[PDB]
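To start, the structure itself, in structure tokens.
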Amino acid sequence: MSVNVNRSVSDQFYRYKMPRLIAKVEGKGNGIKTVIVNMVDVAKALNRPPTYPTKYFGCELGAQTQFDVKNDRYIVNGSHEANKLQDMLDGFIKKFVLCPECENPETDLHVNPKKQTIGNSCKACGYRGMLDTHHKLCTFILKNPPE
RNA sequence: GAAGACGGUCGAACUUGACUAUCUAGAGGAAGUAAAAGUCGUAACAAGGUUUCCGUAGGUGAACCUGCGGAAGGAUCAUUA
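Just so we're aligned, residue 1 is where the first sequence starts under the authors' numbering, counting upward by one.
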């Protein structure tokens, strides 16, 4: 299987396409993990560091997240099988990088970590601005600027 | 001595701009209370495993942590030339 990057658009010819995101449920009750297997390839296909899309699930779900250089596992704590992610797999696009003028997420970020500001720019119609101040992930991005 | 006309004086109503009082519709946003077999933790109650609480300022998935100055409603009404 393969998919469009976002499911709010039903078009077969939509500009954005990517591999599936698949995960393992591991352990037993009071200590369950969900580990995301494709995360480095999905982060490469979306042109972002793999910390940002992993951190967004913990911000929405109300859950802990882990990262590890010794084992390369990316983890969201608790059981999040099937619909518990797959109803909202669009979200890292749908709550950040859709343009309000047109539904075309051909979109870039630049971080000014010395001055508490994240700049945003979409190629599709020239839309520019910043990320939202009520939204969760802004406090993580300013402490973790892009490569 | 009839119709009619100039001038005053009451003053309904009409046009135009502004102010204002009630009721009423709405993209989208952000909160509160019912219900008690959803999810991730374990902040408070026994020294609750870092005593707790107040004012103010900074910081984070969340409960919350840290700096400065107070309170006991404390876990001491007491410590010896």
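From the three backbone atoms N, C-alpha and C, an ideal C-beta is built for every residue, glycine too.
>> Three Cβ pairs or more, each shorter than 8 Å: is that satisfied between the segment 66-76 and the segment 99-114?
In response: no
>> Using only CA atoms, which one of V25, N4, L21 lies nearest to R15?
In response: Of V25, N4, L21, the residue nearest in Cα terms is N4.
> Just how far apart, CA to CA, sit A63 and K33?
Replying inline: 11 Å
>> According to DSSP, is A23 part of a helix, a strand, or is it coil?
In response: strand
> Is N6 buried or exposed, if buried means 16 or more other CB atoms sit within 10 Å of its CB?
Replying inline: buried
> Between which two residues does the alpha helix (DSSP H) harbouring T54 extend?
Replying inline: Counting along the chain, the unbroken alpha helix (DSSP H) around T54 starts and ends at 51-61.
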